[PDB]
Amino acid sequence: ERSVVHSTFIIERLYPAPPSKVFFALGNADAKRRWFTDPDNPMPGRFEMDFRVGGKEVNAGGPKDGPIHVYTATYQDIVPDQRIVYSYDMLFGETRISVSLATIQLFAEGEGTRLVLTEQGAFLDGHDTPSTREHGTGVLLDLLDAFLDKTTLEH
């Protein structure tokens, strides 16, 4: 039985690093590979990113026991140090769970950054929910926070 649930959520986070540093963490493949992962089952060997409009990004994670969760994004708009728009789908095993349009905007906030992430999602056939996705995206932004803190301490 077919259905779609549509939802939009917004998450705002403040980071002490300035927008250029936050943008680098999101737009540099080597950097993003180091943090954008499933902590419980990291698969950076599967991570690829072509950070350009029309470029693809792929990541994998999910339960140790499976099924494999595969994230596939396509960049739609990029403004250096300011904006990233990308569509992405999620597959759990062979099944498509959702398609979403995501926007990241970076604003100066003091000497740091106010990041605003908006996700406009289409959740397919009851396979995932807006609440669960919002929870997961919050967890990913927590990973970004930890990465920015740890990267700032580097020589």
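Start at 1 and count along the sequence shown; that's the residue number.
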item	value
Between 4 to 12 and 145 to 153 (mean CA B-factor, as deposited), the higher	145 to 153
Stretch with the higher entry mean CA B-factor, where the candidates are 26 to 34 and 115 to 123	26 to 34
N59 - Cα temperature factor, lowest/middle/highest third of chain	middle
Position of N41 among the chain's modelled residues by C-alpha B-factor, lowest, middle or highest third	highest
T129 - Cα temperature factor, lowest/middle/highest third of chain	middle
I97 by Cα B-factor - lowest, middle or highest third of the modelled chain	middle
Position of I104 among the chain's modelled residues by C-alpha B-factor, lowest, middle or highest third	lowest
